[PDB]
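Asker: Below is a structure I'd like to ask you about.
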Amino acid sequence: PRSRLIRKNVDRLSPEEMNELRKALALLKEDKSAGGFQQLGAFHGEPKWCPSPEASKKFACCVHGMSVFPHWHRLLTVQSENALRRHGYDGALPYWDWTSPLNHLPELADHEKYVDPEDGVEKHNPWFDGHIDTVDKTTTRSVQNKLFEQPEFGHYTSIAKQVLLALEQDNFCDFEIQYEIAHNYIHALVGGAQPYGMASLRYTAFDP
Amino acid sequence: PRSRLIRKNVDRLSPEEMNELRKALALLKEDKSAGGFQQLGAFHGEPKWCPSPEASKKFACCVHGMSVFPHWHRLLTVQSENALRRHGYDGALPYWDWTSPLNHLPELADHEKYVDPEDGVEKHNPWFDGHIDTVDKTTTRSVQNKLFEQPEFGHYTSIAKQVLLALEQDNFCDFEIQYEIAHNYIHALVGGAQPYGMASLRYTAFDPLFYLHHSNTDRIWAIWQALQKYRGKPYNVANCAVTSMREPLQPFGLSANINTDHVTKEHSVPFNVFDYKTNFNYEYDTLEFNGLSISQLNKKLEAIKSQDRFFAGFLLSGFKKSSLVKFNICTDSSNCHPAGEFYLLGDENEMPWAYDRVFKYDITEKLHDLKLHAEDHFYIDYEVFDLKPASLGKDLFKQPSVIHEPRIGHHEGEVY
Amino acid sequence: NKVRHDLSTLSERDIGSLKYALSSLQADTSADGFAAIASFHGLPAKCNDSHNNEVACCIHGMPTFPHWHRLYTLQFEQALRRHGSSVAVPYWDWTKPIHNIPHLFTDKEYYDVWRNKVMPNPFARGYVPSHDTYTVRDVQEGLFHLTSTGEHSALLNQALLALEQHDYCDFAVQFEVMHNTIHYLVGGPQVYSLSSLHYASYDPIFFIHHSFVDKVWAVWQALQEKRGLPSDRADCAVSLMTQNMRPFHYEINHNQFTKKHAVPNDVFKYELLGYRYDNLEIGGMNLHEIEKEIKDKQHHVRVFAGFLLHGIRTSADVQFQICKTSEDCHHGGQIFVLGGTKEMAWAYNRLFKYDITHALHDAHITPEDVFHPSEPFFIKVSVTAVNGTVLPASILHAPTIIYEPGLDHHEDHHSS
Ligand code: CUO
Ligand code: CUO
Ligand code: CUO
């Protein structure tokens, strides 16, 4: 059985692989189940599950500003990944290597609709965005273009620099702090101004 | 040693006794110690000691809207009493028998200054008022004159009526609810409008009248226990809320620098509080209500039950606590007539509490005047106002029930 | 006019009539019809008026509660009669342990007929047209009752205790809780089910269960007659008693008898309804015997658990455990409450007692020994919604531990 999934760079993905993701996520969005996407999104932020769901002071579920932080997130990605596999996505969640400079946003996420040769029906990318049920709003993204490749020279990138420093730390705890903040940059980049997006802690989970 | 102190009516006090109180309280006010007055005042309300003094959410120290309520207050009065004795006051805290009609306020509390023949130096009555250190303000009192004696006839008084009904209840818990609310009236009467006074939960402790009133209230409770003794029920034991009684009440429980008194600390358990005399060596000159003797009272009580009566019941959330509630019965077609009023004391600081049971008020007399029948359908409109004049939305408040307490026929079979 | 029989007793002929009648009932579009009739209990809430402001129609957590449901059953019975039902609606005796869920209700298809046509069993379920949802039931096998005695099930124990109570008010509190169990059992977690306040009325089991509860309540009145006190008269909840019970008062209900009957005061005499029960018996004891049976219970001393029921916003299950001063704890027992958002909150005037005694004994804990260090009995509460997180205990009032003096008013014999 091919249990071991492989995560590849998004760019790397073949059209076959891409198609699988498109379909799987779409089904994934539909899944009403707890396993479903909407439910999964809840784990990260609003609605806030962290003190027992039936319960008043609702603070967000995610470990932030804690050493625990990478562990929690790692689990979160897997949760999504397993969900897609149920959907029948062949591969693992792809990773967008933000560290490298981006000529443009990845096509998978970026374009509004996928016209697939499968039948020719034009369908909005589930990858592009999702909608929040809780707030009657849709996720939005505004990103600074500036992120576009502009290295001081070649490979040198702000992210690479930031990540590199994190990498140097021998101790995990020191590593985590540097590590977490670098992580923060993408949320800000993608979300930008919009209140509903990667930029906001509650909203971020929704965006694919 | 004369350990056993005696609480007498304020009016009764001789000038010698009065002088002692004046001096003792004055010293008492001065006492910086935890034992001191300012510190003692803190127990009742602000500053709020109830979760550990170094600590954020500060809700008021006092048991209100609880069965525990009389126990806590009883302890409080003793605490003050012990303090005065240290001051050297010969007697016990006097009780202002508010139930009886008052021609005028008592002179002890009332007059601004005592010119004593001791030396001739004119000094403000410590009894008159005290100042709150916390808020840079002085206690004030505004009282409705109306309280002045105006009986329907003779002894009959609103307080007497209210107290009497409380007295009738056999069970403590039912007794307490009626008991507590009657207690509330004086706070409202004395405080009136002023934000700093008997009217406000936080402020009330500061006024010296507080002790006098509570002494009376405690006195009333004591009579109830005696009445229960007469009834045959054990006075000290309380059937209801057995569990609650065991728990100790702070700050008395703290038993630290906060509470110097050893007596109270041991006494913290409310179970212990019942036997006031042995534990707390204090007594009342007479345990009586009005003219009536204890046995007299019981007989009188039976008479009331004999007749049919109608009552309105109020569930007190007691959330927007400091406020006056007045309700009137209005005819379907015709007039309204003031049913009566009850007052709830409650600061914002106080913790939330709700009454397990309904508080009953005896509508009957008013309906009779109306000539309204119990059967007839009338509507009761009740409005609550803040101490400051204002209208509070009644809508959330649950409508009051109207209950008829009939005698069952004249039960022929059980009793000849 | 009508006799009520147990579901088991129902013959095929009898059931067949019921089978058809319900089917026709379902068909009835009119207000009298089933779809309309269901809404009376809860959602949609027509209760105060058709106006947007609305609350659940049925009265729960109120003394009126048994009155309303009793009236409710008659509405259905009349409906069936119109439909041509040969008999009064049967009651599913919950008290007896249930080997299996009754066949009439259980069978999804009603195969038997001369025609031998296959059809859905109207008894099995119905659907909610407004919601366009369908009824569902999630039942626990546990309902199959196992008990030490075997005869004394939890329901039986709970019902019996309620039975021994002169006070109607006290009776109702216990009475309602036992009633609650079935809703929880059948509904389970399903949002749309008996477990839900609004939805529950849809399930046809509702009528069957209610018939039993009504039957039991009627027995109580009969028992009261045996006692000799007036069954009709109700001491408390007079406010509630007067109010007319909608929608029954309203024109929406065509039924004439229900309209006059709307005041719950009138509801007491079931005889006015004109429906009777085949037998008034609870678990094999005659009314006379039951009265005799309860007195013996009184002889033994008992310890009780007191519940102050504020009511929970979503239908919720509460669990009780008794803990030793040390770590050890035992499952004291569990009670269920049903209530929707629509519920228009109510609170119990009095404490709901549960007999802790058996469990404490299991603990090998006497009432004398001390459960907790602070007050003698402090217990940790657990409350859960049918679905959703736990509800905050803080609002809830403290546990009460009750000791109960067995002596009522019962002498073995009078003199001759
Ligand atoms: O961290 Cu919680 O969001 Cu990427
Ligand atoms: O009760 Cu707390 O104040 Cu008199
Ligand atoms: O109570 Cu309204 O439903 Cu059984």
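Heads up, residue numbers simply count up from 1 along the chain you see.
If you check the header, you will see the structure was determined by electron microscopy, 9.0 Å.
Cβ atoms are placed via backbone N, Cα and C, with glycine included.
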Asker: Quick one: which of C:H131, C:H145, C:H210 does Swiss-Prot put in the Cu cation 12 site with C:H179, C:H183?
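Answerer: Given C:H179, C:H183 bind Cu cation 12 in Swiss-Prot, the matching entry from C:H131, C:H145, C:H210 is C:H210.
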Asker: Looking at Cu cation 11 binding as recorded in Swiss-Prot, which candidate out of C:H41, C:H51, C:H83 goes with C:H60, C:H69?
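Answerer: Candidate listed by Swiss-Prot for the same site: C:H41.
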Asker: For the disulfide involving C:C47, grab the partner from C:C57, C:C58 as Swiss-Prot records it.
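Answerer: That record, Swiss-Prot, gives the partner as C:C57.
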Asker: Across all protein chains in the structure, which of the binding-site residues C:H69, C:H179 has the highest Cβ count within 10 Å?
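Answerer: It comes out as C:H179.
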Asker: Under 8 Å, Cβ to Cβ, against chain B: pull out the ones among the recorded positions C:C57, C:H69, C:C169, C:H179, C:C236, C:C323 that qualify, in sequence order.
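Answerer: The recorded positions close to chain B are C:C236.
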Asker: So, in DSSP terms, is C:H41 (Cu cation 11 binding site) helix, strand, or coil?
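Answerer: Looking at the DSSP assignment, C:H41 (Cu cation 11 binding site) belongs to neither helix nor strand, so coil.
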Asker: DSSP three-state call for C:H179 (Cu cation 12 binding site): helix, strand or coil?
Answerer: helix
Asker: If I take the alpha carbons of C:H183 (Cu cation 12 binding site) and C:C236 (disulfide bond), what is the distance between them in whole Å?
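Answerer: Counting only the Cα atoms, the answer is 26 Å.
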Asker: For the Cu cation 12 site (C:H179, C:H183, C:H210), what does the 8 A shell look like? I mean other same-chain residues with CB within 8 A of the CB centroid.
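Answerer: Same chain, not in C:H179, C:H183, C:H210, Cβ within 8 Å: C:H69, C:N180, C:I182, C:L194, C:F206, C:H209, C:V213, C:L338.
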Asker: Cα within 10 Å of C:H69 (Cu cation 11 binding site) is the criterion; apply it to the recorded positions C:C47, C:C169, C:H179, C:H210, C:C323 and give the hits in sequence order.
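Answerer: Close recorded positions: C:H210.
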Asker: Sorted by position, what residues of the same chain at least six away from C:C329 (disulfide bond) have a C-beta under 8 A from it?
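Answerer: The list for C:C329 (disulfide bond) reads C:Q321, C:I322, C:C323, C:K380, given in order along the sequence.
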Asker: Excluding C:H41, C:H60, C:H69, which residues of the same chain place their Cβ within 8 Å of the centroid of the Cβ atoms of the recorded Cu cation 11 site?
Answerer: C:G42, C:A56, C:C57, C:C58, C:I59, C:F65, C:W68, C:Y72, C:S201
Asker: Roughly how many Å lie between the Cα atoms of C:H60 (Cu cation 11 binding site) and C:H179 (Cu cation 12 binding site), rounded to a whole value?
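Answerer: For C:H60 (Cu cation 11 binding site) versus C:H179 (Cu cation 12 binding site), the Cα atoms are 11 Å apart.
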Asker: Please name which of the binding-site residues listed here, C:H41, C:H179, C:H210, is nearest in space to C:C236 (disulfide bond), Cα against Cα.
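Answerer: Of the binding-site residues C:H41, C:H179, C:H210, C:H179 has its Cα closest to that of C:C236 (disulfide bond).
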